[PDB]
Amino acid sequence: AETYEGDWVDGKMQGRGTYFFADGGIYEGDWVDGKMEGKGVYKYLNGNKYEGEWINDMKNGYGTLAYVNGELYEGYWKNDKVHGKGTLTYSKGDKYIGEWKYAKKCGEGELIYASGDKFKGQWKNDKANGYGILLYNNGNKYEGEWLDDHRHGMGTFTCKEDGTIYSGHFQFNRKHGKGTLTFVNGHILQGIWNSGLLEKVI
């Protein structure tokens, strides 16, 4: 109970030791000047488990977090929070491999869904925002702009089942605005969509 069993260089916790915390946490790893630095394992009382780098009593560098619910993070940390390039395996099978800033997907990364769908592009605030490509499980592909996990802006949808390529505007994950359908017989249709429904042909 808030004890320490390790080396005591110059009367300060330095080297390698074990520390049990008042809230129930336990740390076993390297120490400098009473700080948690180097490498070590922290066992949370809630069942979470961390193994990786430490700087100034905080996760800094590469480390892994084994969560209770089954998730696992493998990546870099800054000031005790997910930060930088890291991989996160979700409970059901989904996996994100990309950049993080302050414990949220921000930057370029890819999500491998357990359904077979694969996204890779730019993330802003834990959601798809900006340019990205979604490779659907059926072979369909969307490449274009995203806003808050919705196909939003202009993108190109190519259908694997019949080869038809849509090129035009999207709003809230649906075809909306000016666009063109190009079929495999060379013919190109121009039209106006409203919430994914073609309503006007030119």
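Throughout, we count residues from 1 along the sequence that is shown.
**Q** As stated in the PDB record, which stretch has the larger average Cα B-factor, 31-39 or 59-67?
**A** Stretch with the higher mean C-alpha B-factor: 31-39.
**Q** Averaging the C-alpha B factors as listed in the entry, name the stretch that ends up higher: 183-191 or 14-22.
**A** Looking at the record's C-alpha B-factors, the answer is 14-22.
**Q** Which of these has the highest Cα B-factor in the record: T164, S167, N173, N138?
**A** That would be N173, according to the entry.
**Q** Considering only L111, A128, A114, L88, which residue's Cα atom bears the greatest B-factor as recorded?
**A** Largest recorded C-alpha B-factor: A114.
**Q** Lowest, middle or highest third: where is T158 by Cα B-factor in its chain?
**A** Its C-alpha B-factor, which the entry lists for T158, ranks in the lowest third among residues of this chain.
**Q** Among the chain's modelled residues, which third holds the C-alpha B-factor of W123?
**A** It belongs to the middle third of the chain when residues are ordered by C-alpha B-factor.
**Q** Give the position of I97 by CA B-factor within its chain, expressed as the lowest, middle or highest third.
**A** It falls in the bottom third of the chain.
**Q** Among the chain's modelled residues, which third holds the C-alpha B-factor of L45?
**A** As the PDB entry reports it, the C-alpha B-factor of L45 lands in the highest third of its chain.
**Q** For the chain shown, is the CA B-factor of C106 in the lowest, middle or highest third of its modelled residues?
**A** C106: CA B-factor falls in the highest third of its chain.
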